[PDB]
Amino acid sequence: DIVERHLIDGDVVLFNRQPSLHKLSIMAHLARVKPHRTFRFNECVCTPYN
Amino acid sequence: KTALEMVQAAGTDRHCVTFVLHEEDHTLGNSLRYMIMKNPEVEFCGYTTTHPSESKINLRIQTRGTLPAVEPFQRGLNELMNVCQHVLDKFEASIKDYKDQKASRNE
Amino acid sequence: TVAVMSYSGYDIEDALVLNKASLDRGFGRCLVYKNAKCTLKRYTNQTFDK
Amino acid sequence: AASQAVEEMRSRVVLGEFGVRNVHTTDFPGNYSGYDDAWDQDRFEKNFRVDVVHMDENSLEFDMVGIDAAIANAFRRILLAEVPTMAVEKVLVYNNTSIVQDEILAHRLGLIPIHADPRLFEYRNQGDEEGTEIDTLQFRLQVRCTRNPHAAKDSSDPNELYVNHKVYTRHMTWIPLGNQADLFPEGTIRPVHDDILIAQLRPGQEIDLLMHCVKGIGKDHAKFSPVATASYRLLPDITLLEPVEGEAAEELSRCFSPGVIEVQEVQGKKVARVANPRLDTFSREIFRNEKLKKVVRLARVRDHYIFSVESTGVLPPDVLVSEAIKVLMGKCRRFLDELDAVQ
Amino acid sequence: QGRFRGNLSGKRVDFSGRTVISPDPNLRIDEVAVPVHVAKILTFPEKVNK
Amino acid sequence: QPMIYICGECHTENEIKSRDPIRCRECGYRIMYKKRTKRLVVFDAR
Amino acid sequence: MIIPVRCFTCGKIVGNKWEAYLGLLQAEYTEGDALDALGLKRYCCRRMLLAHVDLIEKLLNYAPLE
Ligand SMILES: [Zn+2]
Ligand SMILES: [Zn+2]
């Protein structure tokens with residue numbers, strides 16, 4: 001059987017800024033669920049995404 | 001339910017343990033750290049908030065000799081309680097003394 | 001009331017840290033008003049929306 | 001001398017032109033050569049004193065001497081966030097026809113401080129939308145605005161044309177639940193201020209609602225905090241390294257707050273001395289002057305705090321500090337119980 | 001907006017989301033915070049096994 | 001029981017039950033506003 | 001629209017000073033003397049009255065009435 005579970009901690013999830021000039025503009029991250037509405041990541045990864 | 005959980009460091013026989021004080025913040029953390037650091041048998045003590053969304057502090061204690069870290073932590077709580085008991089008795093004396101002086105003047 | 005300082009590391013790139021007590025008292029409290037409209041017409045035949 | 005520098009380093013926060021120095025607390029065992037900074041309850045109980053220097057309605061200023069920043073800041077934080085009060089959480093609205101939006105009106109009514117003593121009430125449980133005598137109060141606001149049957153022909157100003165065109169917090173009537181009407185004498189359960197504008201009306205408009213005050217701490221929402229502001233400052237000790245005489249004494253008395261430097265005549269000659277360094281706000285005007293940067297040592301005594309607790313009216317500030325100290329005693333008591341439960 | 005660029009070489013895909021981004025230095029560099037409202041929608045088909 | 005609508009210009013009850021063209025009874029204004037609900041609504045004071 | 005009940009920065013009740021503040025300005029106090037007479041020491045409270053616009057006094061003309 002197939003259970004369509006919710007996204008949970010440790011899912012591999014793709015993350016991408018809209019204009020992509022190089023391959024590092026799309027990378028895969030491990031999801032962690034948190035209450036507030038925004039997407040959040042450590043600011044060391046701001047330079048690849050611009 | 002439980003507010004306290006103990007997480008021993010992997011290599012260390014009970015002289016290094018992290019205390020997860022639940023439903024707490026910097027208010028107990030910095031005050032309790034101060035009383036533990038006043039104990040000469042403590043080597044390292046310090047707290048971190050795991051996340052601003054989470055009301056936990058990881059209080060780490062490491063002790064010099066063989067003594068288990070539960071003993072500095074318990075002495076830390078008791079001495080802080082005795083300080084706050086003595087602060088209260090002095091404060092309430094000074095309020096009553098101030099009110100009695102002000103009522104004794106201009107009468 | 002702005003303090004210009006570096007606080008908590010959640011303010012690396014233009015992000016700004018707000019005060020919870022100020023927001024509770026009404027700083028930045030706003031209202032959003034939206035429309036909804038409906039038209040009931042009388043047709044060429046003698047019939048009508050209702 | 002090295003010893004004199006160590007003593008300043010462990011007892012005075014010194015203020016430079018470009019930054020404060022000696023900020024951290026250092027009197028811990030093994031930080032110093034000969035000093036024995038281990039905990040000693042008798043040395044604490046000897047040095048500690050409390051001096052209440054001012055107190056009136058809704059305000060209090062007092063000095064704590066011999067306590068550390070890590071404990072004085074705990075008292076500051078409890079008074080802001082962890083001392084409970086009674087404040088409106090639910091508003092049941094019947095026929096609101098004012099221009100003030102219901103969500104805005106409910107927010108305003110939340111922030112009104114209620115005179116109810118919060119020790120006599122319990123926390124309302126999870127769920128439990130009704131509540132009871134033990135854990136809620138109730139208020140009823142009901143105002144109808146109408147035209148004044150008589151008015152002068154000019155008719156210019158609202159205060160003649162209309163009646164009840166301003167809603168004030170005095171329109172809140174307490175509605176007793178259960179035996180509360182006997183436990184509280186009349187006038188004890190009231191809004192504090194008696195003059196807070198809530199809405200503002202025009203004739204034909206009406207407000208009728210029902211409030212439910214419950215108990216909560218200030219960490220939850222900021223309408224529960226009992227203090228206008230609670231803060232402290234370390235005490236200044238501005239000291240004169242060289243005697244400042246002549247007409248430099250006058251310009252040294254203007255580089256400070258208006259009551260700290262006095263200029264006195266000893267032989268028909270003006271010499272300056274520090275008189276009341278408590279009143280200084282440290283605007284650091286002695287460093288704009290070029291000749292007098294090198295005769296003063298702006299500093300702060302580390303273990304001497306000057307608390308300033310201004311209450312909002314729920315309960316007087318001497319009871320607020322006593323309640324705040326008990327909360328930190330209660331936090332320590334709870335974890336002692338769990339060390340006993342595990343072991 | 002023709003077939004070859006608009007619908008063949010690139011195309012709209014489901015199991016996708018978009019939100020404002022904001023900083024969080026307490027996450028690791030390989031992690032991303034996903035809000036609960038997106039996590040309840042974005043499902044992954046987990047095949048049932050031992 | 002009959003629906004009552006409140007005139008925009010003069011705040012007068014018109015009771016437009018019948019399928020007549022919208023028009024105020026006392027004045028020529030042709031815009032009507034519904035009255036507020038009788039049922040209670042509870043708001044969190046936050 | 002209408003004067004806030006509490007100062008955003010510290011929570012002093014400034015919401016009852018408004019009808020006094022306009023009254024003192026009829027007696028030709030300056031703004032800096034009028035706020036000092038009401039007890040607003042800190043400047044975060046002072047800007048509540050100093051920067052306020054009394055919009056509800058003007059929205060209530062357009063508002064419907066009998
Ligand atoms: Zn009409
Ligand atoms: Zn203020």
Side-chain angles (χ1 to χ4, degrees), chain C residues 1-3 18-29, chain D residues 58-61 76 79-81 97 107-108 110-113 192-193 195-197 202-204 218 221-233 281 307-314 317, chain F residues 2-18 20-35, chain G residues 2-18 20-21 31-32 34-52 62-66:
Chain C
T1 315
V2 177
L18 304 179
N19 199 194
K20 196 189 187 65
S22 303
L23 270 53
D24 289 332
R25 291 170 189 127
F27 184 84
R29 183 66 55 92
Chain D
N58 296 321
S59 198
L60 174 67
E61 185 178 1
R76 190 190 67 89
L79 286 168
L80 290 170
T97 321
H107 171 256
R108 292 179 74 80
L111 296 167
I112 296 174
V192 183
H193 298 276
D195 273 321
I196 301 179
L197 202 75
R202 286 293 187 269
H221 194 277
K223 65 188 175 181
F224 291 106
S225 68
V227 291
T229 190
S231 70
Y232 60 91
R233 69 183 191 274
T281 65
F307 278 32
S308 178
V309 178
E310 295 176 353
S311 176
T312 63
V314 182
Chain F
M3 289 294 92
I4 295 109
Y5 301 115
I6 274 178
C7 177
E9 193 174 3
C10 38
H11 199 206
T12 49
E13 285 86 340
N14 300 114
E15 185 187 344
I16 309 180
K17 170 199 62 268
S18 298
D20 296 351
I22 284 294
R23 181 177 287 270
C24 179
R25 196 264 299 164
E26 170 190 336
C27 274
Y29 208 57
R30 294 178 66 86
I31 296 164
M32 297 296 173
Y33 294 101
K34 288 197 51 78
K35 303 174 67 179
Chain G
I2 184 165
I3 189 77
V5 176
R6 285 177 184 255
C7 164
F8 301 148
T9 309
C10 71
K12 183 181 177 67
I13 285 78
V14 203
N16 70 339
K17 307 294 188 292
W18 178 250
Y21 179 77
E31 289 78 10
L35 301 169
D36 290 348
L38 295 170
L40 306 179
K41 302 291 92 177
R42 299 185 298 274
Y43 63 87
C44 59
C45 305
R46 293 172 79 94
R47 72 186 169 78
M48 295 292 156
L49 303 192
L50 193 68
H52 191 248
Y62 296 20
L65 79 173
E66 182 259 331

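Order of appearance sets the numbers: ligands from 1, and atoms from 1 within every ligand. Chain letters run A, B, ... following the sequence lines, proteins first, then strands; residues in each count from 1. Computed from heavy atoms alone, side chains included, the values below leave out hydrogens, waters and symmetry copies.
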Point to revise | NZ/NE/NH1/NH2 to OD/OE distance under 4.0 Å, G/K41 and D/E310 | key: no
Point to revise | SB check C/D24 C/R29 (cutoff 4.0 Å) | key: no
Check your understanding: About how large, to 10 degrees, is the angle SG of G/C44, then the Zn ion (ligand 2), then SG of G/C10?
Key -> 120°
Review point. Is the distance between the Zn ion (ligand 1) and the nearest N/O/S atom of F/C27 smaller than 2.8 Å?
Key: no
Exercise for review: Calculate the angle formed at the Zn ion (ligand 1) by SG in F/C24 and SG in F/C10; 10° precision is enough.
Suggested key: 110°
Check your understanding: With distance as the sole criterion, is a donor-acceptor pair present between the side chains of G/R47 and G/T9 under 3.5 Å?
Key -> yes
Point to revise | Side-chain heavy-atom pair D/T312, D/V192 within 4.5 angstrom cut-off | key: no
